[PDB]
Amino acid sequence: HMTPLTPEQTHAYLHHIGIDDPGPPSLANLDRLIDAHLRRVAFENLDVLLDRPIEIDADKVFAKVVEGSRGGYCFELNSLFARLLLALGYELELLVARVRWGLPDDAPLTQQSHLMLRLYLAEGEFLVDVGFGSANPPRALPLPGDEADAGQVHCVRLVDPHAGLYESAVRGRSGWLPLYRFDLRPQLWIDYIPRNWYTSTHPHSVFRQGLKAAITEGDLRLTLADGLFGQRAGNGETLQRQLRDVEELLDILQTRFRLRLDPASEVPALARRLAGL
């Protein structure tokens, strides 16, 4: 069940991401939480690479992220963030999407396989995502946005009114490039159990095939794709560098991505696993 965090949990989470007083529900306050979360809590699949189970129950993700100083992927980060938002008094529904990022509109259908959130504020409805990784938006997106506003590079658009089909997209030269497409059917939390099981254990899951990590630092979105370290200014000049050795990779994970890795029970096994990347 999707129930809010406890007060003690709320406090600790807020402190972890560097917000002292979150203020009452509003778009400005929501954006502050989102921005702080993207800078503190990395998107990462390290546990999947260690063949550790990804558990999505509240207390388990809480302990991993807040108490353990680790990140996770969409079913971990967006569910835990949803529970914080519920505890802060926001009103939301869970949504699910089919991921299209980096695919031509020709490519076949993809699985419903990303969790994101629909927020109902007095001032309008917003799509909220802190768990999409490299291409994650830096703020809450009005649902839908305004395609005529050039400031809105990320934009939610109704693409098939008949089918109630929306996309979260980014402004391209050749048109809008979808991150993912979805309809507005609210989701029950238990229906993400098979979705999470699939991404964490299915041998064809992209999360089992290499390292993927992302975090916001300064003006930049930092990413790792296996040993390739990227820094994207967000309008999209990106500098990239192949990391030289596992030692460099491990140092960057612990510094730039802010991950706490146990020197005995994690780092040695990770050094071996990452060496092939």
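Heads up: residue numbers just count along the shown sequence, starting at 1.
For the pair 243-251 and 221-229, the mean B factor over Cα atoms is greater in 243-251. Judged by mean Cα B factor in the deposited record, 51-59 ranks above the other of 38-46 and 51-59.
Annotation for 186, 194, 142, 175: 175 ranks highest, by Cα B-factor.
Reading the B-factor column for the CA atoms of 96, 107, 119, 86 in the entry, the top value corresponds to 107. The PDB entry assigns residue 235 a C-alpha temperature factor belonging to the highest third of its chain's modelled residues.
In this PDB entry, the Cα temperature factor of residue 169 sits in the bottom third of its chain's modelled residues, the lowest group.
The PDB entry assigns residue 206 a C-alpha temperature factor belonging to the middle third of its chain's modelled residues. The PDB entry assigns residue 129 a C-alpha temperature factor belonging to the lowest third of its chain's modelled residues. Sorting the modelled residues of the chain by their CA temperature factor places residue 158 in the highest third.
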